[PDB]
Structures are given as structure tokens and as C-alpha cells.
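Secondary and tertiary structure notes
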Amino acid sequence: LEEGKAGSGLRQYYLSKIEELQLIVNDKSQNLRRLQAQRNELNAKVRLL
Amino acid sequence: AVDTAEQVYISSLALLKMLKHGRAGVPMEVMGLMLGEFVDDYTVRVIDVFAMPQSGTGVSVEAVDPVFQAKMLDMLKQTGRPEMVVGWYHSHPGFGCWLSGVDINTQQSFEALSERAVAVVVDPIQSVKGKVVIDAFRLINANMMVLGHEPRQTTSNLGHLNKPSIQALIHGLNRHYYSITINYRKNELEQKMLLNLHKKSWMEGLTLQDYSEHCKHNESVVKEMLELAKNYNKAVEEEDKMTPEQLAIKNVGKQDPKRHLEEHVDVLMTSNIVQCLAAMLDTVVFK
Amino acid sequence: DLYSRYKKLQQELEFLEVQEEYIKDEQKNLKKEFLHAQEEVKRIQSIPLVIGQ
Amino acid sequence: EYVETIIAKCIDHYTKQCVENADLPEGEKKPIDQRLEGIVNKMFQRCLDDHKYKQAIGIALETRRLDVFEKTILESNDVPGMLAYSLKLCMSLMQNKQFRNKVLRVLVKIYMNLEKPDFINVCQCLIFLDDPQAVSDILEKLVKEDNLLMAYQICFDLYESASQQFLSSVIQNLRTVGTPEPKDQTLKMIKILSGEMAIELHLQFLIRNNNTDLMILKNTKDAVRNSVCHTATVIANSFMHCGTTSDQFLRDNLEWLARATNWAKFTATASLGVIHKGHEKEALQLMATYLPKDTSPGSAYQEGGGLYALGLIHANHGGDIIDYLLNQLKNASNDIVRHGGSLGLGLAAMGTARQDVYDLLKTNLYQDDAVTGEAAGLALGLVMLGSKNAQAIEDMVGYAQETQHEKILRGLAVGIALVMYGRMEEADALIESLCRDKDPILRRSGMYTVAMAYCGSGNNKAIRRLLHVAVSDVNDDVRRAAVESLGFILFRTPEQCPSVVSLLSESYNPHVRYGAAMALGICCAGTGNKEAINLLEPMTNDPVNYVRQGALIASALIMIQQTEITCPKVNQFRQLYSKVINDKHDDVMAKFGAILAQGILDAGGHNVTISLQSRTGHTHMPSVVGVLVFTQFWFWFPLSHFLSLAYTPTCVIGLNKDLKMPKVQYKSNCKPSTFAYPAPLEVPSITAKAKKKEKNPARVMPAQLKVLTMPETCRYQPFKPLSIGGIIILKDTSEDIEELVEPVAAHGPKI
Ligand SMILES: [Zn+2]
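Method-wise, the PDB entry is recorded as coming from cryo-EM, at a reported resolution of 5.7 Å.

In C-alpha cells:
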């Protein structure tokens, strides 16, 4: 045996690094969508003007 | 006793004819006639729109010459314009787009033939050049005061009809006087002909003429704009030298409405013309 | 559940990856609308006007 | 380290080549060395010594190999858990249907060889593959097994959902089998394809479970207006009185309905068609009894509403009166039989794909009128479900640009939108070609068309141009009509929607806010996700009435089937109740969508609800159609009457025999007071047993299906262990006297 804990274990650790890349894409989506809310709120503000 | 949900189709023909007619929209009362074809109950389309000669009386039923109206309409019938009249338009400068007693009387007299009788009032005198929002008017029946005022279905477009929300005219005179929604239409020939015509109206003849003018004006005229641009940059940096003191004291709250950032970003955008046109000079010098 | 988290998570990889070009479109288009409305409210300010106090 | 890295990259590149060669079954096949199969299958078999019950089907599916998983299920414990976990993993990987159907059609050969066949695997497969060769065996094995009780479940749910035209084919496939146990197989095959027993039991418990309050209807009469909300009052009354055939509320006075000659009477008669449904004699007799004096009604909206209401009653019924509706449609009349007759006839003939209704429908739309062509499109999309005629699409898109009316373009827009179902691999060039059209209405028709085509979250490509046209395009038509396809394809996961539409909650223009409100309304409907509920508070307060209307509708689609003790809904209940008292200072349409939103929760007296998918995970076609046409009320408000097609009552069935009704009483592991009804004002820790008896099963939350516990002292017990809610039968364990037969009801509001 020693595959699900070692081979699939390092595959699961690589999946955790993939979760880190999805944390970079995740928080890039977060701050990009917050800046998107800022520009949307400013252009919506001059629309209210 | 039946009513539907009508909507007035407005093409660029009637629009531009009401814009030239608005340029000729002198304070003196003017007259106009709309044409089109009635295909069904709840739709109306305007195609032909012309102007009428002014008169000292102004907007009135006596000013409408039946032999002149029928003469010009007949001359449109011998040509490729087989459309009947659908309504009459005019201009109301200064006192608002509302309709006086004479206008509602000649409307009552002119609505005996056409049941729809579309009425449009253009007023570009006090309207800013940012918006050209125009509204079409209608006449309600005097016998409908007992029942509901407007039994019009499809109440969704009323939100788009709420854009003219002046607090004196619409509901200041809304009794016995309502309005109707307006939409537009544009085919591919108007889209590409007018789109390419406007892009060309903002472009050059050969499109290569005025490029080298600015590419070589960057060395003669823009240098003054770059030196003055640096004079504004330093003129803000003299205050940005004092900013780290306040930012080093309070750090709480913002009191100056000036951002000092986006203006410099725009200065960089104007300064990037040298970079973008340097490759243009590289192409002109190369081949 | 242990091994299914990989391939089940791949759907979240695609669902979060598809938002990149989307937020690119929003950040590239909404600023064009920002300069559209900006110049539209800028051109309202006309030179002919009355001076008050 | 070295060995695990070379076998790690060796397996990664192995399955990489398996993906590169999985989509190309024949031609230009890349050569694969045998030693790679040896070293991958060697450590793979080393993992398959005990299989660790986790990676067998996982790695067996990642390699995309034919016989890699047949040897895995040979020595394995809990075979139903291995096939249920197998299909559970297969349904969550966003398959392309190229291999899923083969894996299922090869994994259905294992249970027939076992000691007993299972139903969850044949259901969960027959909801996806939809192949006739996979049902011809199981339909003829029912005679060989000579077991009547086990066939009633599979027949009830296969005839219930997962197919319409495949059922139209399997009804004649089973009609051919048998005589042209002979005496028992005849009543079996006849009684299984009936389908009216469900309408009878639903009419029974739904006829004896109604709960009405004078505060709601009295409040509507207090807030009723003669112009706009008059249709909202009768559509809310049709919502609350759906199925119960309670015309006694509309029998109070006649001066409140026929007081105005307009479409309000058409929506009132259509609402009456929403009230009562499933009647072969009392429907036509009730419509004819209204004015059987001169055979000339002064208002033709009663007749048009009789045809449209009749089409609402006979939807998907087997005893359709279509043959008479052709001779009644042959009569020449002004737009009533055209519009209402086209809608009713097309709804009654939905899925038949008959060329006759196609011909008379075409000659009905050949008059260039926008209304009869709109109803002709709405009916043609329904009747052409799955037909995919060659000249029909080109005839409709060719008929679109040659006219100036807009209702014909939206009617043919929904017409060519609903016809496209299951054409994922086909409509790519059609929708991609029709996406660049100059007409904005047809641009909306491409998204509405691709909505139902890509259901199941099977395509991550269409969202690129859906949001790209939602943000990039300057016209708000495709912008507010864009994200409905996004919710229709992403209806599977309720959590992932508000994370990507939260930006669209407060968008630039109010049109994307309204369409996004419809998106939150359709994506979170029937669920309990608070990710939209916590965002509803900013949606309900804005100077624009659009986001307020769609905010009240989206808030109305989530609060249904929810208890207060679980989540604090007092905020949206109070702000939803303050709209009918605040209607004096609000807009005329804001109160329309307000009371129209209030009719959603009171629909059916909390008994009936809606559902976007079935129990096996497959989605209902008339539910998606009903919710999309329900969202199509913006252009034409009377189109909201199709919401009754999406009403899926939540209950259980313990019917043992077709004519014998037993009594099953289980117990719940939760508190009975937490699941009670929120009784309104008058305005003049464990239960011993459940309240479901004589099976009148009441409403049941999907979360309540895990806390049910069958009593060990119960006299009767089915053969299949009742784990999740659905349609099952009861097995007589005692096989003795005193079956406890109960009588049937009598004449009244129903038949
Ligand atoms: Zn004047």
C-alpha cells in the first residue's frame, strides 16, 4: 500500500497548493470586485448627478 | 369601449426633421404635419415629416390651408410616399411643452378623422444639448371621467414614461391630458451608414493627413504644453511637500476635496501622446 | 469523499477561473462608461451663462 | 522520493494522454507503450488490493479506460453504495456526455446479474441516458418476474418525470407488448400509463388540506385598484386557490370582476383556469354554464379565457379534447380563438410534435399580426419540444426580420427558444451565428434559446458571451435578459450564484439590477441559502421601482416553504407586509409587484411549492418553462398564468393498491411545533408520531427527509427502505383481514 497516504498524499498536498492558486485567483477576484464596486459606485454616483 | 397599449415608433427621419425644425423653432408659433401608416391598433409608425410656413396667427385651425396641405400630400402621392397623415407637431418655447386651449381645440378638431392623432411638441430652446428627450402627447375622452382614466395594459413601460417627472406640468396639468411612451428603431443601413458617417465625421479624409501634424507638433507646440504641464505638476508638488506633515499628524478623516492623483494620471495620459506617436514617426520614417 | 474532493473541486477551479476574463470585461468597460458619463456631465457645463452673487 | 515522483508524473501524463485520446475514439490514434500500462496498472492493482473504498471509481474514471472499473466492482462490499457513490462522483465532474452514457450503460449490467435489481441506479441512469435499448429489457422483465408491487414505483416515477417524448414512445412500446397472466397484465399495463391517479390523490389531500384566512383577501380588497392591481388580486387568488377548485370566494359578488370590459376579465377567467384543474366534465360544463342562453357573449374574453383556461386544465393530460379544439378553432372569430385558442391548444398539445398543429399554427401566424403570432410562437415552441424540424427554424428566423412588429419577434423568440432542448452539441453554430444579429430581440432570443440547451452546468463557455454581452452591449434588453440563462444553467449550485451575481445586485443601470433580481429569484428558489437573503435588504430600498419589484419577487421566491425558527425572516416578512399599507405613497406598479409577491407565499395555503429538479436530480421541463414564462410577465403580464405548471407539491405516497387506501403513520425526530403553520392574526422536544395520515400528507421540507423514522410496531411496511421522500408503494406484510379501507369524498367544488 502506502499510496493513498504517500502518493495520493503528495497529490493532495499539490491539490492544497492548487487551493493556494485558487486563493490568489480568489482574493484577486475579491479585491478586483471591490474596486469594481468602487468604480460602479462612482459612475453610479455621477449617474445620480 | 376598448383600449390597448400603444407605442409611437420614432425613426431618425422625424427626429432629424424635428431637429432642423427645432433650429427653425423661432419664438413665433410653427406648424408641422406627421405622416405614416396604420398597420394595427396598438402600433403607430412615422416616416414622412415636413414643415409648414409660419403665420402671424400662429398655431390654429385657420392657418392650416386645406388646398396647400392636400396639394403637398398629393405631390407626395405622385412620388414614392404613399402614406397618410398621422398627426401634427409644433414647438412651445419658454412656457413649457404643455398645450393651451387653442391647441387642444385644434387637436379636438383634427382628431375627428384619425382616432390616434399623435401629437409631439419639440422644445430645444431651454433643453440642454446633453439630452434630446422628447415626449409625445395624447388626448383623453371627456366621457371617461367616470371610469378609469387610462386602462392601458403593459404597465412596465410606465417606468420609462416616468423620466419626464417635472413637478408642475405632468401632474400639474395631468388631468384630461396624458402622454405616451416613445421608442426608436434603427436598421443596419442606418447603423453602418450613420455610424461610419459619424466616425468619418470625426476622422480625416485619407486618415493619414493630421497624424504627422501632431507627431511633429510634439516638438514645437506640445513642448509648451509639457513645460506648463510640469508647472502644474510642481505647482501641486509644492503642496505635496506639506501633505506628509498633516498625514504625519492626524491620519484621521479627509478634509480636502482634492485628490491630487487622478489629475496627475490625466497629465500622464496627455504625456503618453509622445510615446504613442513616436512609433508613428518610426513608421513614417521607416516606410 | 477523500478522493472525490479533487475532481469535485475542479468544478470550483473552472467556476472561479471563468471570472477572470469577466472581471477584465467589467473593469475595461465600466471605465469607458465612466469617461462616457464623465464627458456627458462635463459637456453640460456651457460657457454662456448668467452671473449671480 | 524519486520513485514516487516518476510514478506521480507518470500517472499525471498517463491520464493526460488518456484525456487527449478520450475525445478521439477512432482515427489518428496515438501509440501508447505497453510498459506504461504495466507500471500504471501494477501500482494501480497495488491500490486495488483492498481498493480502500475511495480511489477505485475515482482513478478508474480519471483514466477513461473501458475495463478498468469492471474488475473493481467484482470484489467490493456494499455494491449499492459503490454504484451510488460512483454515479454521485460521475454527476459532479461536469461530464461532456461522450463517456458518461457508456459508463452508465455498462454499469447497469451488474445489478441484473445480482440476486435482486435496484431502482436507484436504473432511475439515476434513465434520467440521463434516455436510451430506448436500456428500457426494452426492464419493461419486458416485469412479466417474467411476475411481481406487481415492485413495478408500480418505477412505472410511477418513469411516467412521472425524466421524459416526455420518450414516454410518448414507451407508451406504445408497452402498448405493443401484451395482448393485441393475460387478465392481470392487461390491467397492469393499462393502469400504469394512466397517470390520473396522481391527479386524484393530489385533488384529495389538496382538497382536504386547504387553509384560508380573511386577513389576506380582505387586505387585497382594501388595496385593490380598478386599473393595475385588479389582475394582481385575481392572480393572487388563483395562486392561493390553485388545485382546490374553490370558486366560492369568487361567488361572493359579480360586480367586482365584470365591472370593466378589458383584459382584466381575460386574466380573471385565466386565473379561474388556474384555480381548478384536472376535470373532464366540470371544466367544459362549468365554462358553458356561465351563459348558456343566447350563445353570444357580449365580452369575448370569457370565451378566449375559456379556451386558454381549458388549455391550462388539460395540460399534459391523456384525455385531451384537441380533436374538438380543432373544430372549435376552425370557427372565424376576432383574436380570441387565435390568441387564447392558440395558447390553449398549443399547451394541450405540448410535446406531441404533430404536423397538423404546425400547419394550422403557420396559417394562424400568416396574418402578420403580432398577437396571434406571439401566441403562435408560444404554442409552437411548446408543441415542437424535441422535434427540431429543419424548415421550421429557418422559416421562423426568416419570418422575423421581414416584419416590423415586436410581439411577433418576442413570440417567435420564445418559440425558437423553447424548441432547443438537448441540442448542446448541435446549436453551437446556430446560437453563435445568431448571436451577432442586428436585432436586439433576437439577441435576447439567442440567450433565452441557449438557456434551456445548456441546462445542468455542462458548458462553461456560454457564460463568457452571456456576461460579455451583459456588460459590453449598450442596449439594456440583452443586459436584463442575459443572466436568466446564467441562472438556468447554474441552477444546480445555490451557493455559487450570489458570489458572482452580488456585483450585479447593485449594478450600473437598474435593468441589470432587475434581471439580476430575477436571477437571484430563480437560482435560490426552493432552497434555504441566505447568501441572497442577506443581500435582499439593499435590494428593497432604492428610488427605482424596478429593483424594488424584482426584489420583492425574488424575496417572495425564497421565503416559500420556510419556518421562522430556523432563520430570522421577520425582516422580510415585515418589510413585505408594509408594502400593501405603504402603497399610498409608493408607485402604482410597486404595489402590483408587492401584492403579486405576497400571493406567492400564500399560494395553495402553504401546501404546494415549486422545485427546479426532481428527486433523482433531473430537472422538470414544465417547471423551467413555467418559471421562464413566469419571468416573461414584463412584456405581457397575462403570461404569468403558466406558473401553475411549475407547482410541485411536496408530500409522500404510501398507496399499496390502486383502489385501496392504507394509513401510514411515521414519527419525526424533530419538534412538531417548529414545523407547524404560521397562523396569522384573527382580524374578524420530540413528537410521538407525524401528522400524515390516510395514505392526507401535508407539506414536507427537503431537510425533513433525513429525520423521518418509521415505527418498528407499524403493521405494514414497504419492501424498499423509505430513506428519502418520493413516490413509493406499500407492501402488505400481514396479508390478513382488516386492511382498513376508507371511503371516498362526494360531489362539491370538484367532480
Ligand atoms: Zn406661446
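Continuing now.
Quick notes on the overall build of chain C
Within chain C one finds two helices and zero strands. A compact globule built from 53 residues should have a C-alpha radius of gyration of about 10 Å, whereas chain C, at 24 Å, is more than 25% larger. Taken along its principal axes, the extent of the C-alpha atoms in chain C is 75 × 20 × 5 Å. Taking all 53 residues of chain C together, the buried fraction comes to 36%. Carbon together with sulfur atoms contributes 57% to the accessible area of chain C, which is approximately 3,800 Å² in total.

Overview of the overall build of chain D
Along chain D, the regular secondary structure elements total 34 helices and six strands. In terms of overall size, chain D behaves like a compact globule, its C-alpha atoms giving a radius of gyration of 27 Å where 751 residues would be expected to give roughly 27 Å. By its C-alpha atoms, chain D is 85 × 75 × 60 Å across when sized along the principal axes. For chain D, the computed accessible surface area is about 35,400 Å², with 57% contributed by carbon and sulfur atoms. Of note, chain D has its 78 positive side-chain charges centred 3 Å away from the centre of its 81 negative side-chain charges.

Concerning unusual backbone geometry
Residues and elements named next belong to chain D. Positive phi outside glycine occurs at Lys 52, with the angle close to 55°. Tracing the backbone through its elements, the reader meets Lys 52 in the loop between α2 (34–47) and α3 (56–62). Positive phi values are uncommon outside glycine, yet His 606 reaches one of about 70°. Relative to the helices and strands, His 606 resides in the loop between α33 (588–601) and β1 (608–610).

Some remarks on the interface of chain C and chain D
The accessible area lost on association of the parts is a frequent measure of interface size. Each partner contributes residues to the interface: chain C has 22 residues there, and chain D has 28 residues. A buried area of about 2,300 Å², summed over both sides, lies between chain C and chain D, and 57% of it is on carbon and sulfur atoms. Broken down residue by residue, the surface that chain C buries against chain D is led by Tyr 3, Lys 7 and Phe 15 of chain C, which jointly contribute 32%. Scanning the region where chain C abuts chain D turns up one salt bridge. The salt bridge partner of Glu 17 of chain C is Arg 464 of chain D, with a shortest N-O separation of 3.5 Å. The interface formed by chain C and chain D contains six residue pairs in polar contact. Where the side of chain C that touches chain D is concerned, the elements lending two or more residues are α1 (4–17) and α2 (19–42) of chain C.

Regarding the packing of aromatic side chains
In total, this model carries 19 aromatic pairs over all chains according to the counting rule given. A centroid spacing of 5.4 Å and a plane angle of 90° characterise the contact between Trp 263 of chain D and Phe 266 of chain D, whose relative ring orientation is edge-to-face. Here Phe 266 of chain D and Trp 263 of chain D lie together in helix α14 (residues 263–275), a separation of three residues that amounts to about one turn. Ring plane angle 55° and centroid distance 6.4 Å describe the contact between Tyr 514 of chain D and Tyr 546 of chain D, whose orientation is recorded as tilted. Pair noted here: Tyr 514 of chain D is in helix α29 (residues 510–523) and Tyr 546 of chain D is in helix α31 (residues 545–556), with a separation of 32 residues, a long-range link. By relative accessible area, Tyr 514 of chain D is classed as buried at 4%. Judged by relative accessible area, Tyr 546 of chain D falls into the buried class, the value being 5%. Members of the aromatic cluster, joined through ring pairs, are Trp 263, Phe 266, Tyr 301, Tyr 308, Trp 636 and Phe 642 of chain D. Of note, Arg 116 of chain B hangs over the ring of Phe 38 of chain B, and the distance from its end group to the ring centre comes to 4.1 Å. In this structure, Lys 97 of chain D is placed above the aromatic ring of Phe 128 of chain D, and the distance from its NZ or CZ to the ring centre is 5.7 Å.

Thoughts on the sheet that holds strand β8 (residues 182–184) of chain B
All names here are of chain B. One open sheet holds the eight strands; their spatial order is β7-β6-β5-β4-β2-β3-β1-β8, and the pairing between them is mixed. Either end of the sheet is taken by a strand with one partner, and the two such strands are β7 (177–180) and β8. Ignoring which end each strand starts from, the neighbouring axes of this sheet average 40° apart. Contacts from helix α2 (residues 66–77) reach β2 (31–37), β3 (43–52) and β4 (84–91) within the one sheet, and its direction differs from that of β3 by about 115°. Across the sheet, helix α3 (residues 101–110) touches β4, β5 (118–122) and β6 (136–139), and the angle it forms with β4 is around 175°.

So, the pattern of salt bridges
In this structure the tally under the stated criterion is 22 salt bridges over all chains. Note that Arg 251 of chain D and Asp 247 of chain D form a salt bridge whose closest N and O atoms lie 4.0 Å from each other. The exposure class of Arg 251 of chain D is exposed, given its relative accessible area of 55%. Given a relative accessible area of 11%, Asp 247 of chain D falls into the buried group. Between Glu 506 of chain D and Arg 513 of chain D there is a salt bridge, with its nearest N and O atoms 3.5 Å apart. In this structure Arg 513 of chain D comes out as buried when scored by relative accessible area, which is 6%. Residues participating in the shared-partner salt-bridge network are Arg 11 of chain A together with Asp 12 and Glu 62 of chain D.

Remarks on the packing of helix α21 (residues 390–400) of chain D against helix α22 (residues 407–418) of chain D
All names here are of chain D. Packing of α21 against α22 brings their axes to within 10 Å, and their N-to-C directions diverge by 160°. When the axis of α21 is compared with that of α22, the two are roughly antiparallel. Crossing hand, α21 versus α22: left-handed. Contacts between α21 and α22 involve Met 396, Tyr 399 and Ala 400 on the former and, on the latter, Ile 408, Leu 409, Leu 412 and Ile 416. The class makeup of the residues in the contact of α21 with α22 is seven nonpolar, no polar and no charged.

Digging into the pairing of strand β1 (residues 7–10) of chain B
All names here are of chain B. The side-chain alternation of β1 yields two buried faces, one formed by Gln 7 and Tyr 9 and the other by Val 8 and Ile 10. Both β1 and β3 contribute to a ladder of three bridges, which runs parallel. Across the sheet, residue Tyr 9 finds its bridge partner in β3, namely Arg 45. Where β1 and β8 come together, three bridges link them in parallel fashion. From the neighbouring strand, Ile 10 faces β8, where its bridge partner is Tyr 184.

Quick notes on the environment of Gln 167 of chain B
All names here are of chain B. In this fold, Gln 167 is placed in the loop between α4 (158–161) and β7. The class of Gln 167 is exposed, set by a relative accessible area of 63%. Along the primary structure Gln 167 and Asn 183 are separated by 16 residues, whereas in three dimensions their C-alpha atoms are 24 Å apart.

Calculation rules
- Within each chain the first residue of the written sequence is number 1 and the count goes on from 1 in that order, possibly differing from the entry; residues lacking coordinates are omitted.
- Each chain gets a letter, beginning with A, and each ligand a number, beginning with 1, in the order they are written.
- Note: displayed chains form a subset of a larger assembly, with all reported quantities computed for the displayed subset only.
- Water and hydrogen atoms play no part in the side-chain values, which are based on all heavy atoms of the structure.
- The helix count covers DSSP runs of H or I at least four residues long, the strand count covers runs of E at least two residues long, and both are numbered beginning at the N terminus.
- Taken over C-alpha atoms, the radius of gyration is set against a globule rule of 2.2 Å times the number of residues to the power 0.38.
- Accessible area is worked out with a 1.4 Å probe on protein chains only. A residue is then buried under 20% of its type maximum, exposed over 50%, and partly exposed in between.
- Under the convention used here, a 1.4 Å probe and the Shrake-Rupley method define accessible areas, while residue burial counts only the protein chains that appear.
- Only four residue types enter the tally: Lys and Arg on the positive side, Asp and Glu on the negative side, with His and both chain ends excluded.
- A single reference atom marks each charge: NZ on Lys, CZ on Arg, CG on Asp, CD on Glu.
- Note on contacts: a residue pair is in contact if any heavy atoms of the two residues lie within 4.5 Å.
- In short, buried area is how much 1.4 Å probe accessible area vanishes from two parts on joining, totalled over both.
- Note on definitions: salt bridges are taken to be side-chain nitrogens of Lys or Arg within 4 Å of carboxyl oxygens of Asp or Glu.
- Polar contacts, as counted here, are pairs of nitrogen or oxygen atoms within 3.5 Å of one another; within protein the pair requires one atom able to donate a hydrogen and one able to accept it, and residues that are adjacent in sequence qualify only if both atoms are side-chain atoms.
- Two aromatic rings, drawn from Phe, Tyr or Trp (for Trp, its six-membered ring), form a pair once their centres lie within 6.5 Å of each other, and the interplanar angle then sorts them: stacked below 30 degrees, edge-to-face above 60, tilted otherwise.
- Remark: a charge is flagged as sitting over a ring if the NZ atom of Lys or the CZ atom of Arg is within 6 Å of the ring centre and within 35 degrees of the ring normal.
- Strand pairing follows a simple DSSP-based rule, namely that at least 2 bridges must link the two strands.
- Each axis is a line fitted through C-alpha atoms, taken for helices only over the stretch in contact, and angles between the N-to-C directions span 0 to 180 degrees.
- Working definition: roughly parallel below 35 degrees, roughly antiparallel above 145 degrees, roughly perpendicular at 65 to 115 degrees, and oblique for all remaining angles.
- Rotating anticlockwise by less than a right angle from the far helix to the near helix defines a left-handed crossing, while the corresponding clockwise rotation defines a right-handed one.
- The classification used treats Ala, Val, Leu, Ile, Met, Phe, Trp, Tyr, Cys and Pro as nonpolar, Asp, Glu, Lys and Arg as charged, and all other residues, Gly among them, as polar.

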